[PDB]
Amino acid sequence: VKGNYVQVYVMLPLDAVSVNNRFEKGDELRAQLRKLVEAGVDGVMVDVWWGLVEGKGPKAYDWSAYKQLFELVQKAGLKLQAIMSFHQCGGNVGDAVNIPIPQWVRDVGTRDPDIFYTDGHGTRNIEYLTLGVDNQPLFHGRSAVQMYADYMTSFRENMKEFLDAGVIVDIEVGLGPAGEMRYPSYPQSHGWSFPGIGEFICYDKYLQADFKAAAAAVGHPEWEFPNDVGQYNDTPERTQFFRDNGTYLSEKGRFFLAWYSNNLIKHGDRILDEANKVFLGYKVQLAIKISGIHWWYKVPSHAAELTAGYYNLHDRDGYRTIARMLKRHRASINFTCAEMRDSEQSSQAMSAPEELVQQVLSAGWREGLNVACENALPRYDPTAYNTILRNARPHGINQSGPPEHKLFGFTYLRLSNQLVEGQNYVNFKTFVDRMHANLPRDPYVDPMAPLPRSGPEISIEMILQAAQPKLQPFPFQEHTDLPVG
C-alpha cells in the first residue's frame, strides 16, 4: 500500500519575498504553513527570483530574505522545492506582482537589444535572455550560462545548511519564460490571446546567424525562416505553413522546425550539465518545467506546440526527445495540466490536455525518469482533485506493492488564505489523504541519493532517435479508483 503514496507540494505566493527583496510575510506564512502541515502536506515550492537576489549588480547576491523564508519552512517541518527563477514575473497568466530580471542585465540590452528573444516584427521580449547568448560573454565579462551557474553556486554555498538538513530536496532549473523550457511564443504583452497559434521567436541576430550557419552546413545557405506563418492570434487554417498538408511538411519546413526545437534541447542540456556540476553529491533531484501547450493538439500541425519549440506531430514525439536529453543528468520532468479534462476546454481551441498529459508522462517513464505535475489553473473543487488523482496513479492503487506507474510528486498552484479556509481547505485536505493512499504523512518517503555526475554527453542525432517511432501512451483509467467523495 505504501508504494502508492504520492507526495503533495504547495506553491508559495509569487511575492513570498517582496519585490524589494525583503521577507515581510513571516506572520501570515507561519499560520498558513501550519494549516498545510495539519493537512498532511509534504512540502512547498518557491521561486528564487534572479531579479531580487542579483539585482544590485554582478555577483552581489543578497540571500538574506530567502534565508528567513527558508528558516520558517524548516521550523514548520516541510520539505522545499527551490526554483532557479531566471525569468521575469509579469505578463504571464496569474502574475499579480512585478519582478524583472536584474536591472544591470537589462542595461546591457539598451546597447545590445539582441540579448532578448525577438519576434518577426522586431519586438524585444524582456522576460528571459535568448538561448542565442548562452555562450556569448556580453554581461560584464560573463555569458548567460556562466551567470546561471554562478547563481546556483552561490545558492548552494549560502543555503548549504538547508541542503544538509534535508529541507531542500529539489532544484527546478528555470530554462525560459515563466521558468519553462520554451520560447515566449504566446506573450500577452505582445497582444497574443488564447488560443492563438503563437509565433516563432527566433529573430534576434544571434539566432539568425546560428540558422544561416546550420543551413549552409546542409548545402542550403540561401534558406530563410518561413514567412507563411501568420501571426500570434491566427488559427492554423489561415496560414500556408500550419494548414493541413501545409509547408510545415516540406524539406525546408522540417529543417526549420528541427533547428528551432533542437536549440531548445541544447539550451536545456548545457544548463543542466552546469547545474549537475553545482549540486554534485547533494541529496537533491534536478528538474525542468515543460509548458503545457494543449491548444491545437487536435490538428495535424500542433501549431502552438511548434511555436513554443516542441516539435510534436502525430508521427514524431517531440517530448520523448526532451526526455532522452534529460536521462544522462537523471533530471526529472515537472509538467502541468494535471487537473484538466478535455470536456472543460472550448471547441474552437482544438484542445486535448488529457492526451498531452498522457504523452508527456509516458515519454518520461519510457526514459526511466521521475515525473511530477502541477495544475495549470486555479481549482478548489472535487472534480479537479479527482482529475489529478487519476493522473497521479494512472492504473489505480496496487494492493500488493507499488503501481506500474505513478507521479513522483504533485505541486499545487497556489497558496493563499482562500486555500486554507472554509470548504476549500476541507476539499484540499481530503485530496492530500487520497494522494497519500489514505496513509499518514511520511516525511522520509522518496529519500534521495547523493546526486551523481551526469553521464556522457550525447549528440543531437542520438537524442533525436527517440522521436520515432512514436508510441501510443500507456493506458490511463478514465476515473480514479480513490476519489475525494
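From 1 onward, residues are counted along the sequence shown.
Stretches compared: 325 to 333, 396 to 404. Higher mean C-alpha B-factor in the entry: 396 to 404. Comparing the deposited coordinates for 383 to 391 and 113 to 121, the stretch with the larger average C-alpha B-factor is 383 to 391.
The entry lists C-alpha B-factors for 46, 439, 460, 53, and the highest of these is at 439. Residues shown: 276, 245, 153, 312. Highest C-alpha temperature factor in the entry: 245. In this PDB entry, residue 452 carries a Cα temperature factor that places it within the middle third of its chain's modelled residues. For residue 100, the recorded CA temperature factor ranks within the lowest third of the chain's modelled residues.
Looking at the C-alpha B-factors along this chain, the one for residue 16 belongs to the highest third.
Among the modelled residues of its chain, residue 143 has a C-alpha B-factor that falls in the lowest third, as given in the PDB entry. For residue 200, the recorded CA temperature factor ranks within the lowest third of the chain's modelled residues.
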